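Working notes, beginning with the structure itself.
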Ligand SMILES: N#Cc1csc(NC(=O)CN2C(=O)CCc3ccccc32)c1-c1ncn[nH]1
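In the entry's author numbering, the protein residues as written are 46 to 72, 76 to 210, 226 to 373, 380 to 400.
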């Protein structure tokens, strides 16, 4: 038999013999191992009875189908998909072996970043988001914990979307959305790279909206009327805020600006934040326009952005789901 069992913290990883010296980075649970066939490190993800519920089964199938479908240098790639269980009656675990990077984007927010590396990181996030939007996939739940970094600094994205600090007002207020809903989430990550404090740290959905209007200000009347009247009632009732200007939100001291190059790049950065951190999606800058911003466009590469783009969203019983995933694991 090809596999071998190894104990890792709580769970028992029973992987192939090609993967050796596993190291835990979990929560699915994630292990970092060495592939002996490919001669390089990989990331193994144990899906523990992934068909356990519709939320689990729907996302896991979504993450399966899309990764073997999509192929980008900013969305992590699948290298091997397998299961130790031979039959469907025995089927219990799905292992997703996929490309390994060096660190998490949270680990990066704890650091001082020069404009050169920061604007390149952000550029990369936009490239993947753009390419996802061209497949008809809008992420929505974009977060740093779901973005991985190499010591390059090259960037890749782990998940495909759908801790809540990075969701857009329209997502929070159930308005319905469009492509540029991921420009909000980036502006939350960019501003966090600056402050090092999380921008809108709300304990609940209602509490999080307060931390938006305190800093940015109560959105325009034109925006208000597009809401669910029942929800619109609540927002129109909340106190009015003048909304602090972006120099006051991101003061001089935050940015590295000792040289003239840095001084210019600091305003170009704040000019970007100001366009991304907008409450009304009708006034919020688009991915296409953001890549053309003087801060970002210095990295532009059509070979990456304008790359070729590559089924439904249905309910299934957990008996129906099982077979569905097993089918796509056996491929
Ligand atoms: N799936 C998958 C993954 C494919 S790659 C990857 N993670 C990385 O590449 C980088 N990374 C982390 O992110 C967590 C911290 C960490 C420590 C040591 C080595 C890599 C990582 C993951 C992952 N790590 C944690 N959850 N998911």
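C-beta atoms are modelled at their ideal positions from N, C-alpha and C, and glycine is treated no differently.
Counted as a single uninterrupted DSSP element, the alpha helix (DSSP H) harbouring residue 167 occupies residues 163-182. Between ligand 1 and the CB of residue 150, the shortest heavy atom gap is smaller than 7 Å. Here residue 141 is bridged, per DSSP, to 96.
DSSP links residue 146 through a beta bridge to 91 and 126. For residue 70, the CB contacts under 6 Å within the same chain, skipping 5 residues up- and downstream, are 80 in chain order. Residue side-chain check: residue 91 places its Cβ nearer than 7 Å to a non-hydrogen atom of ligand 1. Looking at the DSSP output, residue 48 bridges to 61. Under DSSP, residue 203 takes part in a beta bridge, and its partners are 197. Judged by beta-carbon spacing, residue 397 lies beyond the 8 Å limit of residue 53, meaning their Cβ atoms are not closer than that value.
Ligand 1 has no heavy atom closer than 7 Å to the beta-carbon of residue 145. For residue 70, the shortest C-beta to heavy atom distance toward ligand 1 is below 7 Å.
Collapsing the DSSP output to three states places residue 354 in coil. Relative to residue 393, the option among 56, 93 and 98 whose CA is nearest is 98.
Cα atoms of residue 126 and residue 116: separation of roughly 6 Å, rounded to the nearest angstrom. Only residues of its own chain outside the window of five on either side were considered, and among them 256 have a CB closer than 7 Å to the CB of residue 161, listed in chain order. Around the C-beta of residue 136, fewer than 16 other C-beta atoms lie within 10 Å, and the residue is accordingly described as exposed. Within the same chain, and ignoring the five residues on either side of residue 177 in sequence, the residues whose Cβ sits closer than 7 Å to its Cβ are 187, 245 and 350. Annotated three-state conformation of residue 297 is helix, per DSSP. An exposed status is given to residue 285, since fewer than 16 other beta-carbon atoms sit within 10 Å of its beta-carbon. Across the structure, residue 318 and residue 100 are spaced so that their CA atoms are roughly 47 Å apart. Residue state for residue 240 is assigned as coil, using DSSP reduced to three classes.
Closest in C-alpha terms to residue 210, from the list 153, 201, 168 and 104, comes 104.
The beta carbon of residue 129 sits no closer than 7 Å to any heavy atom of ligand 1.
The C-beta distance from residue 332 to residue 358 rounds to 6 Å, short enough to meet the 8 Å contact threshold. Assigned with DSSP and collapsed to three states, residue 82 falls in strand.
Collapsing the DSSP output to three states places residue 261 in coil.
Distance from the C-beta of residue 80 to the nearest heavy atom of ligand 1 is below 7 Å. For residue 206, the distance from the CB to the nearest heavy atom of ligand 1 is below 7 Å.
DSSP places residue 273 in the helix class (H, G or I) of the three-state scheme. In the assembly as shown, residue 138 is an exposed residue. Its beta-carbon has fewer than 16 other beta-carbons within 10 Å.
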